[PDB]
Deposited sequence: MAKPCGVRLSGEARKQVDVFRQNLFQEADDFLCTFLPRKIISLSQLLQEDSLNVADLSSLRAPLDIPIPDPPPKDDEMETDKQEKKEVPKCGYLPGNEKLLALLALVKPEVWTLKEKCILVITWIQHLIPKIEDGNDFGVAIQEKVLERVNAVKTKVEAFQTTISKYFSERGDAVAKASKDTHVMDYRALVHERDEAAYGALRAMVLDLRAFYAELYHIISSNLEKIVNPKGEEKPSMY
């Protein structure tokens, strides 16, 4: 087993180092960069009418023309390109912290279990952050399919002007959602550090030595 024991020690030393590097340098730099991202003009749109893309579907007169190429919202596609990586990175680091804490859970022994109870509660909150981050990914993927269906209905049924309003309302909702994600992502980094740093003695050293 001496060869196989060394194989795991390379991983475990890498995990503890990468988890330490996350708390020290990575997480605070993310709070700066996400704060700096929140100052940008793309994320502080004063009037949401500026985000309104041109639909360019021919309005039929009262009682046939072909439909031209209808492009996506390029303001949101630029914003989605900025938010997507930030969502995937936090889910990456949630998995790191969960695996980091699970390795710090000691042998199950009777008595002196309040340190183990603290580890479980921190794990419970880190998993709760991951579930919210997974909800952001489903919101991003659902935007592309829902807008495509809304534009397809608007082009097919030209007379129905509510489908045109739906396409522009889907954009405003996606914009407001994407802003709320970036605010939440910064909050989750700050919350993840606060709960870990406050309870770091009991997380790392649960049995007291």
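- Taken in order along the deposited sequence, the stretches absent from the coordinates are 1-9, 73-87, 234-239.
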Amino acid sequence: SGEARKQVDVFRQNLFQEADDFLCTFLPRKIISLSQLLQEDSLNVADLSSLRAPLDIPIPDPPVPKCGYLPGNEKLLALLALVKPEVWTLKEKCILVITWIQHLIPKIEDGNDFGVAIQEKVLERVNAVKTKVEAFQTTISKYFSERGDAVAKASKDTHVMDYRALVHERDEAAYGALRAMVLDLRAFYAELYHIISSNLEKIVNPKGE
From here on, numbers count along this sequence of modelled residues.
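- In this entry, the higher average B-factor at the C-alpha atoms falls on 40-48, of the pair 40-48 and 177-185.
- Taking the PDB entry as given, 54-62 carries the higher mean Cα B factor of the two stretches 54-62 and 25-33.
- Per the PDB record, residue ranking by Cα B-factor puts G115 in the lowest third of the chain.
- In this PDB entry, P85 carries a Cα temperature factor that places it within the middle third of its chain's modelled residues.
- The entry lists a Cα temperature factor for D149 that places it in the middle third of the chain's modelled residues.
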